[PDB]
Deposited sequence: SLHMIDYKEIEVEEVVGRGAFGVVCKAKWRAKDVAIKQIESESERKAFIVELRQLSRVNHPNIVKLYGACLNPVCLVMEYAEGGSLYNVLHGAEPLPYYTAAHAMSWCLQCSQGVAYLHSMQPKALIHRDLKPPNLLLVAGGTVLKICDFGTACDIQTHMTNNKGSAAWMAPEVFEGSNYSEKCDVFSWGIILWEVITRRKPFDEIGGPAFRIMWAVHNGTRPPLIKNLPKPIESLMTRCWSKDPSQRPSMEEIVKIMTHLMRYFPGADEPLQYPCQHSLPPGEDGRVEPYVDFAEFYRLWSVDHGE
């Protein structure tokens, strides 16, 4: 429930991308920089309407803010994520930014906060259904993360019970969260070594295949990550529990407030061993952890 806008007051600019349906472009509105997604032929009409009703209910710090809409041509006027997508930060073009373990953990904590808010909606919970880096936006110097484009999304982040058509719950979003955590820690695309048609990934994941273990990952983070990957949905933690756990771990990950400002020359040596090395460094975590415990 909120704000209307007339297309004639919006100055469309360069296309910034295309998601599940419409097309997102850069733009201006009332001298404020905005981002807008419009339809490209009805059919997206139905979907766009659902997005409106949903987006009109949500109000949270970690979810893209909607400014208004319009059926003149029909489009959403959202806030412009200066920082771009998390996909582009991770796997984008040449000058890729350097990021730390604190950033990675912080992005994941903020993601779970936004999703925990959706899962706690009343009358009934909203499931995202399409959690993946292309749908995670960064602002405030790549410091603050926000979720966008609700499913209502490649097979690399989908919970197996979802492809198999079968019923599913908010626990499908918890599975995607687990994969995104592996992905920001290793800075590798999940199942990139499978490729081919999507059905080859679905088959692998359906038979129990998960992203390779990370070398030297902290036990408390590894256990949280693998629990989210559980075949059995009921065995995955709730998004609320993930928020509590991640919040407590952040105590050993200081520096999440620092903006992304250094360009890194990221290598990436695959060689399918029996594990992968993390992109981020956990040496400070262990030292700060050790200080609070025994080691």
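According to the record, the deposited residues with no C-alpha atom in the structure span just 153-164.
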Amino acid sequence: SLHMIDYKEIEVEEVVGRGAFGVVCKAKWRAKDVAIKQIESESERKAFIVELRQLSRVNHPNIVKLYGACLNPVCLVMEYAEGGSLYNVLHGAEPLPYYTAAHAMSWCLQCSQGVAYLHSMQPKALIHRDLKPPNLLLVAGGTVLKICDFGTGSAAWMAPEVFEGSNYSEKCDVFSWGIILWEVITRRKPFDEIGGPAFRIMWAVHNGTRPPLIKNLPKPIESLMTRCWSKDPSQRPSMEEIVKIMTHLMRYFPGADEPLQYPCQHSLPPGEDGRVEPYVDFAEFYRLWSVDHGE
From here on, numbers count along this sequence of modelled residues.
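In this text, the rigid core denotes the largest set of C-alpha atoms whose superposition between the two forms falls within 1.5 Å.
Taken in 9 other deposited structures of this protein and fitted on the core, 115-123 and 74-82 differ in how far their Cα atoms move from the shown form, and the one that moves more is 74-82.
Root-mean-square C-alpha deviation from the shown form, taken over all structures in 9 other deposited structures of this protein superposed by the rigid core, is larger for 193-201 than for the alternative among 100-108 and 193-201.
For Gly68, the fraction of other compared entries lacking coordinates, among those that model flanking residues, reaches at least a third. Compared with the other entries of this protein, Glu40 is frequently left unbuilt, missing from a third or more of those that build its neighbours. Taking the PDB entry as given, 50-58 carries the higher mean Cα B factor of the two stretches 240-248 and 50-58. Here the stretch with the larger average CA B-factor, out of 32-40 and 222-230, is 32-40. Across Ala20, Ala283, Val280, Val276, the entry's maximum B-factor at the CA atom is seen for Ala20. The entry assigns its greatest Cα B factor, within the set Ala256, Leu260, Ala27, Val64, to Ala27. Per the PDB record, residue ranking by Cα B-factor puts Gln113 in the lowest third of the chain.
Residue-level temperature factors show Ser169 in the middle third of its chain, judged at the C-alpha atom. In the PDB entry, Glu193 places in the highest third of its chain by CA B-factor. Ranked against the other modelled residues of its chain, the C-alpha B-factor of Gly83 as given in the entry falls in the middle third. Per the deposited record, the Cα B-factor of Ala101 falls in the lowest third when ranked against the other modelled residues of its chain.
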